[PDB]
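**Q** Protein chains in written order, with the authors' numbering: chain A, 1 to 122; chain B, 1 to 122; chain E, 1 to 122; chain C, 1 to 122. All residues carry an ideal CB built from backbone N, CA and C; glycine is no exception.
Protein chains: 4
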Amino acid sequence: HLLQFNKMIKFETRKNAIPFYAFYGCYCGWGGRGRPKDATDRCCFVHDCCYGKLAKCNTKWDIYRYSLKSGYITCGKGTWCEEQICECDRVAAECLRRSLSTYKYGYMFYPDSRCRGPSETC
Amino acid sequence: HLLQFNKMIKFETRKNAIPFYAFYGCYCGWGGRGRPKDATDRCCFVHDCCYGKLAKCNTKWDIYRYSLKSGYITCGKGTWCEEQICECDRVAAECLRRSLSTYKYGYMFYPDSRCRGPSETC
Amino acid sequence: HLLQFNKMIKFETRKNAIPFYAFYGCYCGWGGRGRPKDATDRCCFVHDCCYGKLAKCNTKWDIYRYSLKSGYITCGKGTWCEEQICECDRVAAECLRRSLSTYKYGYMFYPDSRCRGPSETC
Amino acid sequence: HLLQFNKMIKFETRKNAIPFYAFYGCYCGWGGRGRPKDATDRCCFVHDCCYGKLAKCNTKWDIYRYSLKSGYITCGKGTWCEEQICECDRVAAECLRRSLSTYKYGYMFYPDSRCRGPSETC
Ligand SMILES: [Cl-]
Ligand SMILES: [Cl-]
Ligand SMILES: [Cl-]
Ligand SMILES: [Cl-]
Ligand SMILES: [Cl-]
Ligand code: NA
Ligand code: NA
Ligand code: NA
Ligand code: NA
Ligand code: NA
Ligand code: NA
Ligand code: NA
Ligand code: NA
Numbered sequence: 001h002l003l004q005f006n007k008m009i010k011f012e013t014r015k016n017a018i019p020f021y022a023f024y025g026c027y028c029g030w031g032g033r034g035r036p037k038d039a040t041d042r043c044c045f046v047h048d049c050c051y052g053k054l055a056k057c058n059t060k061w062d063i064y065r066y067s068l069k070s071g072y073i074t075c076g077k078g079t080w081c082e083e084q085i086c087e088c089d090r091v092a093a094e095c096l097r098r099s100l101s102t103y104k105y106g107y108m109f110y111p112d113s114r115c116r117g118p119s120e121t122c
Numbered sequence: 001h002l003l004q005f006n007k008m009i010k011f012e013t014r015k016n017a018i019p020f021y022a023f024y025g026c027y028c029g030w031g032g033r034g035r036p037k038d039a040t041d042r043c044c045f046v047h048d049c050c051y052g053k054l055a056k057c058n059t060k061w062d063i064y065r066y067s068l069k070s071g072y073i074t075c076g077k078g079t080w081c082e083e084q085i086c087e088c089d090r091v092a093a094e095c096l097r098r099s100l101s102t103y104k105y106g107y108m109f110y111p112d113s114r115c116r117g118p119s120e121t122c
Numbered sequence: 001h002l003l004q005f006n007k008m009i010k011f012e013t014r015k016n017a018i019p020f021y022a023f024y025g026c027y028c029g030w031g032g033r034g035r036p037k038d039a040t041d042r043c044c045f046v047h048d049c050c051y052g053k054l055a056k057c058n059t060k061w062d063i064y065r066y067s068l069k070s071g072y073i074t075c076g077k078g079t080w081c082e083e084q085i086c087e088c089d090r091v092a093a094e095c096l097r098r099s100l101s102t103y104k105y106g107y108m109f110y111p112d113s114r115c116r117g118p119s120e121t122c
Numbered sequence: 001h002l003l004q005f006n007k008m009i010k011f012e013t014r015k016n017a018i019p020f021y022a023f024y025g026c027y028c029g030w031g032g033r034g035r036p037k038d039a040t041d042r043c044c045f046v047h048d049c050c051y052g053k054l055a056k057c058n059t060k061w062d063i064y065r066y067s068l069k070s071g072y073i074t075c076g077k078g079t080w081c082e083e084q085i086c087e088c089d090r091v092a093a094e095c096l097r098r099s100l101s102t103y104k105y106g107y108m109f110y111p112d113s114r115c116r117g118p119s120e121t122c
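Here it is as structure tokens:
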């Protein structure tokens, strides 16, 4: 569920998804086009591709099981859809933490007009 | 969250909450009046009472942590509200499983017009 | 900005966008496909079409000016993009209020698998 | 919200906050140290102090209500935090317009190395 993904983002980065990742670059948040601008944007591009491969799953609201017990995100065992959505979310939240050193406040509210180039393939 | 409670019900009873428990007897699903018709209905009555003690909590939509590891439901650590809601849901799903011996398909879509007895006190 | 649209939804419908409208039917929330299921879903379909005509605007994060002073939502004068985004948001929030009489809790977390029909043209 | 403050700055000064005010002198934009270099820089120093009194508020990202209808910025009614943040932003944007006669393009991208010395008290 998207609120669980936002919790993973906050757990990993210490930043709230709104405003820090919801409008970042060309791919962070809903939708996206063109070329990923940097490492942070590329995490979001991969996440969008990950969800795209799950067309038979309810990626936005299926509530999966996960744990923080070990001091990192672990996806619980469940339905194929729950495990796959959780895995997309976990990978993206960890990727965003790894990309923190190159996060640019200048890309925070990035205009769609700067994302008009050919769209990268998943 | 209601969708997590529905997953607990499926896990414990082996029946989907919709249609098997969402309209059952006088108390299963949202609301309720009169007297619980049987053991299954009484689980739902107790669940309504459990939520009734949590007026300061977002009982229907707060997403809590839980696990199915080792074949039973375990509520994870979180806010006081998450833990309390999870406990209501876990107890009700286990109660519904224990009430399977008297589950009646005839009570599945029970008309609220037949729930005319005095309403039971929590 | 999406947070302003969510405030308009709450003001008009008296329901929070999450969970009541974010996953409703085939078109409410981000994206959509197939045929709108009812009046509420049709508001969301029209909103998607409205935003679709605003490709040169930053529909998700451009913060427009609006007022609730008169007891109704009134869009402030501003840039062409601010006025157009505000107008999409205001019309949709009012449409959702007018559709309240047929709002179905059963359409709340609607699966994409039930939206597989031919997609309606804007 | 910072994007609303940037719209107020544009309305008052006729300059976009990025690049004209976001890196100006010792205090304009995020952070600041030393002594304000000029009237423009002093506006930004006072704005930082204003936000400093609002530690319980989300100064950068809370979306408040404001109007330009009268030909002047007027803060609308809202939560205590929204009203207080809007007041800080309104005062600063007006101050920047009043400081225009001494705006120096030479202070636009001012180096932190020249903001050595004792930091002024709020
Ligand atoms: Cl924001
Ligand atoms: Cl969980
Ligand atoms: Cl499965
Ligand atoms: Cl929800
Ligand atoms: Cl406003
Ligand atoms: Na963007
Ligand atoms: Na995206
Ligand atoms: Na009930
Ligand atoms: Na019933
Ligand atoms: Na849907
Ligand atoms: Na939509
Ligand atoms: Na500053
Ligand atoms: Na500077």
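Mind reading off the beta-carbon distance from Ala-92/B to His-47/B? Whole number of angstroms is fine, and I expect it under 8 Å.
**A** Counting from one through the second sequence, the residue named residue 92/B turns up at place 92. Counting from one through the second sequence, the residue named residue 47/B turns up at place 47. Correct: roughly 4 Å between the Cβ atoms.
**Q** Given that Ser-113/A touches chain E, what residues does it touch there, using C-beta distances under 8 Å?
**A** By one-based count along the first sequence, residue 113/A stands at place 113. Those are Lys-56, listed as they occur along chain E.
**Q** Taking only three categories from DSSP, how would you classify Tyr-105/B?
**A** Within the second sequence, residue 105/B is the residue found at index 105, counting from 1. Helix, per DSSP.
**Q** From the DSSP output, in three-state form, read off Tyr-24/E for me.
**A** Locating residue 24/E in the third sequence gives position 24, where the first residue counts as 1. Three-state DSSP puts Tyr-24/E in coil, outside helix and strand.
**Q** Please tell me whether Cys-95/B and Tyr-66/B are closer than 7 Å, where the distance is taken between their beta carbons.
**A** Mapped onto the second sequence, residue 95/B falls at position 95. Mapped onto the second sequence, residue 66/B falls at position 66. Not closer than 7 Å, so no.
**Q** Suppose you measure from the CA of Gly-106/B to the CA of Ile-63/B; what does that come to, to the nearest Å?
**A** Position 106 of the second sequence holds residue 106/B. Position 63 of the second sequence holds residue 63/B. Their Cα atoms are separated by approximately 33 Å.
**Q** Using beta carbons (cut-off 7 Å, strictly below), is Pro-118/A in contact with chain C?
**A** Residue numbering aside, residue 118/A sits at position 118 when the first sequence is read from its first letter. By this cut-off, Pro-118/A is not an interface position.
**Q** Grab the span of the alpha helix (DSSP H) containing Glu-120/E for me, first residue to last.
**A** Sequence index remark: in the third sequence, residue 120/E carries index 120 (1-based). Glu-120/E -> no alpha helix (DSSP H), and no H or E assigned at all.
**Q** Measure the C-alpha to C-alpha separation of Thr-102/B and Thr-59/B and round it to an integer number of angstroms.
**A** As a working mapping, residue 102/B is identified with position 102 in the second sequence. As a working mapping, residue 59/B is identified with position 59 in the second sequence. About 28 Å.
**Q** Between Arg-33/C and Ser-99/C, which are expected to be in contact by the criterion C-beta below 8 Å, what is the C-beta distance as a whole number of angstroms?
**A** For the purposes of this step, residue 33/C is taken as residue 33 along the fourth sequence, with counting starting at 1. For the purposes of this step, residue 99/C is taken as residue 99 along the fourth sequence, with counting starting at 1. Actually they are not in contact, since the Cβ atoms of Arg-33/C and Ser-99/C sit about 20 Å apart, beyond 8 Å.
**Q** So what does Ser-99/E bridge to, in DSSP terms?
**A** Residue numbering aside, residue 99/E sits at position 99 when the third sequence is read from its first letter. Answer is none; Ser-99/E lacks a bridge partner.
**Q** Confirm the yes/no value for this check: CB of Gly-32/B, any heavy atom of ligand 8, distance under 6 Å.
**A** If you number the second sequence from 1, residue 32/B lands on position 32. At least one heavy atom of ligand 8 is nearer than 6 Å to the Cβ of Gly-32/B, so yes.
**Q** Tell me, please, whether the CB atom of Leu-3/E is closer than 7 Å to any CB atom in chain C?
**A** Taking the first residue of the third sequence as position 1, residue 3/E is located at position 3. Yes, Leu-3/E lies at the interface with chain C (some Cβ there is under 7 Å from its Cβ).
**Q** Quick check: is any heavy atom of ligand 12 less than 6 Å from the C-beta of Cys-44/C?
**A** The count along the fourth sequence starts at 1 and reaches residue 44/C at position 44. Indeed, a heavy atom of ligand 12 lies less than 6 Å from the Cβ.
**Q** Which term fits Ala-22/E, buried or exposed, when burial requires 16 or more other beta carbons within 10 angstroms of its beta carbon?
**A** Walking along the third sequence from the start, residue 22/E turns up at place 22. Buried: at least 16 other Cβ atoms inside 10 Å.
**Q** Should the segment 2–16 of chain B be regarded as contacting the segment 68–78 of chain B, the criterion being three or more beta carbon pairs within less than 8 Å?
**A** Taking 8 Å as the limit for Cβ pairs, the verdict is that the segment 68–78 of chain B does touch the segment 2–16 of chain B.
**Q** Helix or strand or just coil, what does DSSP make of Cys-75/B?
**A** To locate residue 75/B, count along the second sequence from 1; it is residue 75. It is a strand residue.
**Q** So if I threshold CB-CB distances at 9 Å, which residues from the segment 15–30 of chain E count as touching chain A?
**A** The residues in question are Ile-18, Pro-19, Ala-22, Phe-23, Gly-29 and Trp-30.
**Q** Under 7 Å, Cβ to Cβ, is there at least one residue of chain E near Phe-109/A?
**A** For the purposes of this step, residue 109/A is taken as residue 109 along the first sequence, with counting starting at 1. By this cut-off, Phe-109/A is an interface position.
**Q** Compile a chain-ordered list of the residues in the segment 57–75 of chain A whose CB is closer than 7 Å to at least one CB of chain E.
**A** Those residues of the segment 57–75 of chain A that come within reach of chain E (Cβ to Cβ, closer than 7 Å) are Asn-58, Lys-60 and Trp-61.
**Q** Got a sec? Which residues, its chain only, sit under 7 Å from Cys-122/B by beta carbon, not counting five neighbours each side?
**A** Taking the first residue of the second sequence as 1, we reach residue 122/B at position 122. Hits under 7 Å: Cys-49 and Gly-52.
**Q** Excluding five sequence neighbours on each side, which residues of the same chain lie with their C-beta closer than 7 Å to the C-beta of residue 158/B?
**A** Outside the displayed span of chain B (1 to 122) sits residue 158/B, for which this structure offers no information.
**Q** Does ligand 1 have a heavy atom nearer than 6 Å to the CB of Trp-61/C?
**A** Working through the fourth sequence from its first residue, we reach residue 61/C at position 61. Yes, since a heavy atom of ligand 1 falls inside the 6 Å radius drawn around the Cβ of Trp-61/C.
**Q** Considering only C-alpha positions, which residue in the set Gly-78/B, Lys-77/B and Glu-82/B is nearest to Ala-55/B?
**A** Position 55 of the second sequence, counted from the first residue, corresponds to residue 55/B. Here the closest residue by C-alpha is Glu-82/B.
**Q** Return yes when the Cβ of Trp-61/E is within less than 7 Å of the Cβ of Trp-30/A, no when it is not.
**A** Sequence index remark: in the first sequence, residue 30/A carries index 30 (1-based). Sequence index remark: in the third sequence, residue 61/E carries index 61 (1-based). Not in contact: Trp-30/A and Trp-61/E (Cβ atoms no closer than 7 Å).
**Q** Rounded to whole angstroms, what's the CA-CA distance from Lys-69/B to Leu-3/B? Just pull it up for me.
**A** Position 69 of the second sequence holds residue 69/B. Position 3 of the second sequence holds residue 3/B. Cα to Cα, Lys-69/B sits roughly 19 Å from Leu-3/B.
**Q** Ignoring anything shorter than 4 residues, give me the alpha helix (DSSP H) runs that lie fully in the segment 21–68 of chain C, in order along the chain.
**A** Qualifying alpha helix (DSSP H) stretches, in chain order: 39–52.
**Q** Mark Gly-78/A as exposed unless 16 or more other C-beta atoms lie within 10 angstroms of its C-beta, in which case mark it buried.
**A** If you number the first sequence from 1, residue 78/A lands on position 78. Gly-78/A is buried by the Cβ-count criterion.
**Q** Short check: CB of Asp-89/E to CB of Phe-5/E, under 7 Å?
**A** Here residue 89/E is taken as the residue at index 89 of the third sequence, counted from 1. Here residue 5/E is taken as the residue at index 5 of the third sequence, counted from 1. Going by C-beta atoms, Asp-89/E is nearer than 7 Å to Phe-5/E.
**Q** Could you tell me the boundaries of the alpha helix (DSSP H) in which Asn-6/C lies?
**A** Counting from 1 along the fourth sequence, the entry for residue 6/C is found at position 6. From DSSP, the alpha helix (DSSP H) with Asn-6/C extends over 2–13.
**Q** What separation, rounded to the nearest whole angstrom, lies between the Cα atoms of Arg-114/A and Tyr-110/E?
**A** The sequence position of residue 114/A within the first sequence is 114, counting from 1. The sequence position of residue 110/E within the third sequence is 110, counting from 1. The alpha-carbon atoms of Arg-114/A and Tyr-110/E are separated by roughly 34 Å.
**Q** What three-state label does DSSP hand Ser-70/E in the structure shown?
**A** The residue labelled residue 70/E in the question sits at position 70 within the third sequence. Of the three classes helix, strand and coil, the one that applies to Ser-70/E here is coil, per DSSP.
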